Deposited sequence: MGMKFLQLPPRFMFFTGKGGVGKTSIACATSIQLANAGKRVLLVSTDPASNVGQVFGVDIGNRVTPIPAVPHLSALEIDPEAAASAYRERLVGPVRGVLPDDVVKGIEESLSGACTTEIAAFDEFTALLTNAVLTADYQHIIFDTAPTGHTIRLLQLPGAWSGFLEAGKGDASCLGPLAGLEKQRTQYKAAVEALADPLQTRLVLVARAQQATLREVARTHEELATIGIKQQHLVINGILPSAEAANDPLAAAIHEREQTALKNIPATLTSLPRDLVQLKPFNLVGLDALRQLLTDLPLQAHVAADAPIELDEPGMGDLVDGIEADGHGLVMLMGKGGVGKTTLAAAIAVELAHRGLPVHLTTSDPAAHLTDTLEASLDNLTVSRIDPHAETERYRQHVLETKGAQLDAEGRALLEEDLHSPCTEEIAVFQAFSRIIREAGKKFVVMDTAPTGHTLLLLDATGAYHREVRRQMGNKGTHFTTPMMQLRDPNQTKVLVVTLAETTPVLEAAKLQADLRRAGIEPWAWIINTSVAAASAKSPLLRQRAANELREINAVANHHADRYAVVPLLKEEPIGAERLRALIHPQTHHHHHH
């Protein structure tokens, strides 16, 4: 394993949720501890099962693991840190200010951005404290700050009065940070030094995930992080597809993705972690990491319900890579084939799916919004309109703020609002929906680009915010977090779509069978608690492109 050769003190990991960052971090900690060097696995999520895996009740304090000699396990809680930020920044203004101001402060201080900044705060706490670096030879983190957070916290300063002064800006949480700016600067400097940091990039062997990790690598390199490594975790063994139709397609897709890694990631020391058969639960399985008839409702019922409740919006929401674009296209194609008008509006210019049928059907009008261009246009608009009077430091800080994911979400939502307005009395199937944070923040900043009123979205009779999940543990947990954010924003997700379900694809191989069992457990969990109306989409051995094979999703042959 190239990412483990002469590792520096801090070994971060990052990538799309569910790739296997935590499992790889745990296995690396085990391997280094076996080598005789003290380690400190800093799990960066309370919901992680690291404590169960090691058989210890890991908490905010360092808990040595008796099972693994020389291994200590910490567990940061970013969401707890964000809640503490809210408690210590909103209580003082509670009552002292009108309820509108308090609500705006809470909303600007709540969401994914505040969680990321709090996680970076804890990372800086662990990155500059002399006690930790003088006691453990390897502080193996589990998740790394996004490039945006590092860029924001490495700026010259002046981020001390951005609270109570929303304006669709996620720059407020900076005021919560109670530490010296020198602390964060030193943390970033130690993070960018190749001799103290090794920011590994865990990614699955799929096109979308590889492109996403390539983008993250480009951003991190722009930060200053020079030496990185790539861990392509999830490669399916070749011998597994020997006598199976679905495993053969999976392996072919994995190999095709490997042969077309983005040019930016080619030079990185690459690693390949096979899909180990035994489930990675407990220390026994992790020690060797680095070395059925499903009957659940399909998308037919969901599309039938949408058809029954006509003249509405069907906004697909969820984390990137789940399959929102393909599902939206399939829904739109099915609705068009039912005779009702549709206005499919995707936001994935790379994919040409449903472009072979836009003209064949006189009612399936298609709009292709380019997220990058919309984000750039919004950035220019708000830089010229706002911040022109700001001093050099304010302009730099606002420009850095505008690169946050929420700015891209706001720009895409603004571009989709005009699509909604133009198309009236017809279905409007979308690809992405703004997270609850974005919607609430836009609503707070009431006073050419326009955003649809929150009243229309909140009404169940005019909107249906579907939530797409990849049918795994962490993807389902983060989709549930998205659902909670939407519910806080007032919108009730109409249904759930458990996309890419190997369980519904009739797996006929060992590894795919164990994967099907895991995804069946996750589907049961989704049905019981998270969603009262869900649909499981089978995995397709042929990549969905065009109507003739997009309709396979909606109406599978079961």
- Just jot down which stretches of the deposited chain sequence have no CA coordinates, in the order they come. 1-2, 168-169, 296-308, 465-477, 589-594
